[PDB]
Amino acid sequence: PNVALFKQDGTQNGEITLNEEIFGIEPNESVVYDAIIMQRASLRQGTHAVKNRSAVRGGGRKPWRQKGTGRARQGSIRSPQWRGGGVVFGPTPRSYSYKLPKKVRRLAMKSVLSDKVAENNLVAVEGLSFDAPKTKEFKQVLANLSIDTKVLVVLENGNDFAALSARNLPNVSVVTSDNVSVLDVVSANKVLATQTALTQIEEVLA
Amino acid sequence: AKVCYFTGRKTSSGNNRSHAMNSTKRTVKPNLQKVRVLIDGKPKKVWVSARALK
Amino acid sequence: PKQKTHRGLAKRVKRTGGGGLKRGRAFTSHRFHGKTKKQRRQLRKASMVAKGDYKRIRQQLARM
Amino acid sequence: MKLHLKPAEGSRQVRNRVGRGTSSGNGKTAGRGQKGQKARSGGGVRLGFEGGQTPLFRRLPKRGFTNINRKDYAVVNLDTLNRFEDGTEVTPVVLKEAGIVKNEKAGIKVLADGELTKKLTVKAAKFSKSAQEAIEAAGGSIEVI
RNA sequence: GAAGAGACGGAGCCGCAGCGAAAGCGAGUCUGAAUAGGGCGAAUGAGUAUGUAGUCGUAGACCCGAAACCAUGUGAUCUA
RNA sequence: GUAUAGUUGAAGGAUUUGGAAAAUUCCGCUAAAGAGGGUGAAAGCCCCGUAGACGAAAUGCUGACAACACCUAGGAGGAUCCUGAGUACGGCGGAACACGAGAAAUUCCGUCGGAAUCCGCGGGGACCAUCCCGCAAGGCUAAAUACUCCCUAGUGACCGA
């Protein structure tokens with residue numbers, strides 16, 4: 001855990017050291033797998049329904065007799081073999097969500113962040129400041145650090161002049177220091193983060 | 001016999017068990033009597049329970 | 001909803017600690033002048049589970 | 001490991017769908033065979049039914065009663081005490097307070113299994129007639145308060 | 001907190017000790033006059049939370065099919 | 001302050017295949033706006049929009065704080081007085097309490113009997129005594145809770161005749 005520091009373009013001050021409790025812990029792979037599936041499977045609305053025989057706006061009398069006609073025997077017009085009848089075993093509203101224990105969640109977070117440390121994809125910036133929300137200048141900031149792919153920016157607090165300049169190309173998605181989830185991180189290739197965001201991560205993640 | 005004029009007694013309903021507990025439905029009715037009383041001085045005739053004649 | 005356990009077996013069977021069940025014997029609450037004296041001694045004491053009847057009953061006594 | 005994923009080995013089975021053609025093994029009556037009331041819709045008798053033979057619970061007699069005032073304790077034996085080295089006032093507080101006795105039931109009783117070599121002191125609500133001798137052999141002090 | 005991951009929240013529940021209907025006793029206890037014998041225990045003897053799959057229970061529960069039953073209403077332009 | 005009309009709102013050209021380009025190939029520009037829809041095919045830069053910013057004559061709604069209505073006193077004494085009546089409770093016959101008369105407390109209903117007044121009265125699952133906790137037979141009362149005929153604005157590992 002030694003990551004260099006960049007200014008806006010000035011290069012390589014003292015390398016920040018990071019907690020080996022977090023950023024060095026040899027990631028488990030099945031935990032991250034089930035964390036991703038539990039997260040992405042928790043985003044469903046369940047709103048979908050299908051009428052059945054007691055709900056189809058129909059009638060409730062034998063149209064025929066049981067004998068005499070010589071045709072097969074029927075009970076009601078609306079029943080699953082007819083056209084316009086009800087449906088047997090349709091999809092009903094459910095909720096699809098479930099919560100893991102409170103050790104594997106932090107194990108997943110530590111494992112993901114140690115994974116991105118070990119392949120040198122945290123680029124720590126000493127601090128981001130704009131006098132005005134100019135999205136061209138933030139593009140020039142990413143051009144100075146020479147990052148091109150899908151990237152993250154982790155911000156501190158109300159940097160309202162640095163968060164209002166990320167409605168960019170889909171290289172960039174932006175999360176504050178509180179809402180850092182798993183799918184926001186594993187999907188990306190590199191992460192930009194300030195110095196103080198790393199500290200507020202190391203308070204919650206101990 | 002429909003109501004009382006002073007109390008709130010009216011006819012009602014309940015079961016009827018008999019020696020092996022078979023249930024039917026009764027008509028439990030209050031005792032009522034047509035009594036000439038003095039409503040605001042002018043006499044009427046009205047149904048009054050015997051309970052309020054004590 | 002939850003299952004409902006049987007209230008005929010809770011008043012007749014108590015569960016041991018090894019896994020089985022204790023059972024109280026029958027032919028004890030009637031005429032005795034027919035029976036001998038070895039029988040009425042040997043029908044005071046509790047017996048255990050036969051593994052035939054542990055199959056179909058297991059799910060009823062799910063917690064007691 | 002990124003979005004484009006591997007489960008653990010043996011971590012997730014598939015299903016078995018029933019009534020879909022005569023070469024999966026479960027087409028034409030679905031693993032139910034020929035006729036009879038185990039093979040109708042929603043059939044099968046209730047649990048513990050054995051025909052009209054009088055079943056096992058109506059064959060053996062009712063027995064016992066339950067006290068209303070049964071007062072049973074929250075037993076710790078003796079080895080659990082053997083990590084509090086010397087002088088603590090073992091108690092229905094700080095004894096618990098590390099994951100030892102959650103949910104005391106009617107006060108704590110102490111038993112005598114199996115070796116204590118310390119000089120502790122105990123405050124419980126009952127004691128066995130060998131735990132006192134085991135504690136006072138090691139030189140501690142006990143009080144039923 | 002974005003119908004979200006995402007932390008607080010330790011009331012509670014399960015295992016760590018059993019035997020007896022019970023008062024109670026405790027690695028032991030019950031019956032018994034018995035320190036005898038016997039039942040059931042202990043002598044390294046691992047559970048718990050979530051996912052997934054097989055089976056069962058409560059719900060119409062693999063779908064289609066009666067003769068009949070009960071409660072409101074509609075009819076004497078046909079016919080008596 | 002808000003609800004019912006709204007205003008304004010950045011940045012692109014040429015070539016190739018074409019019936020027609022948003023498609024392709026070169027070189028640019030914008031972004032607090034790269035959500036969506038439309039245009040002779042698939043558009044950040046054509047149109048309607050979106051981010052931002054601004055706006056109400058008339059009527060309704062919600063805060064606020066003024067006015068006006070209301071309402072609310074202490075300490076000690078204890079001779080005498082008051083504190084909810086055909087009520088409480090009992091017998092008989094039914095119901096409600098998880099409780100099917102059961103050893104059956106507590107709550108009502110029909111009928112017939114029917115108390116005491118603070119040295120009092122009720123209750124603590126028949127009943128008695130001791131202790132403990134409470135004053136019935138007069139009224140009012142916001143919020144946390146359940147539903148959606150309809151209105152506005154949205155979403156879906158929901159359908160596509």
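Sequence order sets the numbers: each chain starts from 1, possibly unlike the entry numbering, and residues with no coordinates are not included. Going through the entries in the order they are written, you letter the chains from A and number the ligands from 1. A larger assembly contains the chains shown, and all values are computed for the shown part only. To get the side-chain values, take all heavy atoms of the structure and skip hydrogens and water. Residues with missing side-chain atoms are left out of burial classes, side-chain pairs and their counts.

### Digging into the interface of chain D and chain A
Applicable threshold: Whether two residues are in contact is decided by their heavy atoms: any pair within 4.5 Å suffices. Throughout this description, the term salt bridge denotes a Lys or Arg side-chain nitrogen within 4 Å of a carboxyl oxygen of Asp or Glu. N or O atoms within 3.5 Å of each other form a polar contact, as long as, within protein, one can give a hydrogen and the other can take it, and as long as residues adjacent in sequence are counted only when both atoms are side-chain atoms. Any residue outside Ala, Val, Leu, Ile, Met, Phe, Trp, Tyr, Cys, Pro, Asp, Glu, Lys and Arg is labelled polar, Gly included; the first ten of those are nonpolar and the last four are charged.
Opposite the eight residues of chain D that make contact, chain A presents nine residues. Across the contact surface, chain D and chain A share zero salt bridges. Our count for the chain D to chain A interface comes out at zero residue pairs in polar contact. Looking at the side of chain D that touches chain A, its residues break down into five nonpolar, no polar and three charged.

### A closer look at the environment of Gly48(D)
Put simply, the rule is: Every helix listed is a DSSP run of H or I at least four residues long, and every strand listed is a run of E at least two residues long, numbered separately from the N terminus. Think of it in three bands: with a 1.4 Å probe and only protein chains considered, a residue is buried below 20% of the maximum accessible area for its type, exposed above 50%, and partly exposed in between.
Checked against the element boundaries, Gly48(D) lands in the segment before β1 (109-110). Accessibility expressed as a relative area gives 23% for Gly48(D), which makes it partly exposed. Sequence separation of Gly48(D) and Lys109(D) is 61 residues, and the distance between their C-alpha atoms is 41 Å. Those residues in contact with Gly48(D) that lie beyond four places of it in its chain are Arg56(C), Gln60(C) and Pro55(D).

### Here's the deal with the protein's contact with RNA strand E
Cut-off, in case you're wondering: One heavy atom suffices: a residue is near a molecule or strand as soon as one of its heavy atoms comes within 4 Å of it.
Near RNA strand E you find 53 residues, and of these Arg105(A), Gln59(C), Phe65(D), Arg70(D) and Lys109(D) are the closest. The separation between a base oxygen of RNA strand E and a polar side-chain atom of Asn179(A) is 3.2 Å. Between RNA strand E and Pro1(C), the relevant distance is 3.2 Å, taken from a base nitrogen to a main-chain nitrogen or oxygen of the residue. Put simply, the parts of the chain that give the surface near RNA strand E at least two residues each are α1 (29-40) and α2 (104-118) of chain A.

### Some remarks on the packing of aromatic side chains
As a reminder of what qualifies: Here a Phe, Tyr or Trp ring, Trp counted by its six-membered ring, pairs with any other such ring whose centre lies within 6.5 Å, and the pair is stacked when the planes are under 30 degrees apart, edge-to-face when over 60, and tilted otherwise. Charge-over-ring placement is defined geometrically: NZ (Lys) or CZ (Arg) within 6 Å of the ring centre, and within 35 degrees of the ring normal.
As enumerated under the stated definition, the model contains two aromatic pairs over all chains in all. Ring centres of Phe130(A) and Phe138(A) lie 6.2 Å apart, and the angle between their planes is 65 degrees; this geometry places the pair in the edge-to-face category. Since its relative accessible area comes to 9%, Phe130(A) is described here as buried. For the ring pair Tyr5(B) and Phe6(B), a centre distance of 5.0 Å and an interplane angle of 80 degrees mean the geometry is edge-to-face. Against the face of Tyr96(A) rests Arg44(A), its NZ or CZ located 4.1 Å from the ring centre. Its guanidinium or amino end placed over the ring of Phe32(C), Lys35(C) lies 5.1 Å from that ring's centre, counting from NZ or CZ.

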